[PDB]
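Next up: just one chain, as C-alpha cells, the form deposited in one PDB entry.
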C-alpha cells in the first residue's frame, strides 16, 4: 500500500482540510515520498500534513515539523492501485541505425517475448510459431521496408480455428531523441589554461565631489574553434527537442550551442564568435583614482564524450481477436481482424498510450479502447504490471565521439583601492590585442541607466 507520488494533490481549504474524496498525508507517508513532495513546492512554501504537522519547501531542506497551514497535501481515500513500475533503461550499444534496430528487434527476452505476451493478454490469437506450445516463441523476424514484422512461424501445418492466421507485431516509425542530461566524458586528453595578458589602468575622479552613477563597460569579441567526431552512423538521425549549451569541464570555459530539430552529425564543429560584456559601476571618492584590471585568457580542452538518445517507436498488433477471450471494450466474439497501434514513447493521444488507458482504467468514460481492468481479472494485477513494465521499459542508444575546443575570453573587470589624485587612463593597443585574438575591444565610461 505504498503512496504513489503522482496521485498526491495539494489543496487550499483550511487547516487540515482536503478536497472532496481525498484525505491528509501523514508525516510517516510524507517521509517515504519526501523527495517527490518537496519537488512540487515553492522554495519557501509551507504545506500542511495530518495531525498538526507540516512539510517545508526545498529552501528548508524539506523539513517536516509541528505546525499549521491553510493548504494541505492530500491523497486519495480510494487510491488507484497497481501502477506500472518504471524499470531502468535498456542501454543499446552505439552503432549504425540498423545495428541498433537489429539488436532490439531480435531480443527475445527483452522485446519479442514481452510484446508478444502483451498481444496475447489483449486477446490476439495465435501469437507464436507452430513449433512451440508457448507464446512468443519460434517467431520469424522479417524486415518490411522501414519497420520490422514479428510473426509466429507457419512452416508445416497448424491445428486450431484459423490457427494459420498468426498475429503480426509490427515495429516501425523509429526516432532517437538525444538526452542532454545524460552527458558524460572520459579522461580529459588535452587541458591547459594560459593568461595571455592583463589590461591595467585607472579611472579618475578629478572633482571635489565623489562619483558613482557611471558604468564602466568593456566590449569586444573573441572566438571559439571547436570540433566533435561521431564514431557511428546513428548520429545522422538523432535530434534534440530544444537547443542547449555544451557542458563545462575543468576550468576553461566555452560558448557552444547545439541546435534543436537538426541532426547531430550535421553539427560537427566550427568557429563561433563571442561578445565581451562586463560593466562595473565603481564609486570613486573626489580627487582620486582606482586601479582597474582585466585578465585575458586562452584555454583548450579535449575529451571523449557520450550522451544517451532515447529510442521511441510505434508498436502495431494485428491479427484476429479470440472468441470469449478478448480485451477490447465492446468484447466482440465475431473474430474481428483487429489492427491496433500503441506508441512507445512520448504521449501522442489517449488511444496510443498504454500508460494513459491503464491509469484511467477506472473512469468508465475513459475506457474507450482496451479494457485494462479485464486483463487484470483474467491474469492478475501482478502479471499485468510486470508484463507492461517490460514493454514500456526505456530503451536507450549511446551516442559517442570526440570533443575538442579552443577559446579565448576575458576575466572580470576588477577595481582596487582608491588612491589620492569619471575618466579612464588605461592604454589599449587595438593592434596588439587583435593579434592575440581579441577584436573591437573598447572601454566606455557612460552615465548609469
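Numbering follows the first chain given and starts at 1. Note that the rigid core is defined as the largest set of C-alphas that superpose within 1.5 Å between two forms.
Only in words, not in the display: the form deposited in another entry, which the text now covers.
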Quiz item: Just one of 210, 346, 336, 186 has a CA that shifts 2 Å or more between this form and the one not shown on a core fit; which is it?
Solution: 210
Exercise. For residue 34, decide whether the Cα shift between this form and the one not shown is 2 Å or greater, given a superposition on the rigid core.
Key: yes
Quiz prompt | Rigid core fit then residue 241 CA moved by 2 Å or more between this form and the one not shown | solution = no
Quiz item: Can a Cα shift of no less than 2 Å be assigned to residue 68 between this form and the one not shown, given superposition on the rigid core?
Solution: yes
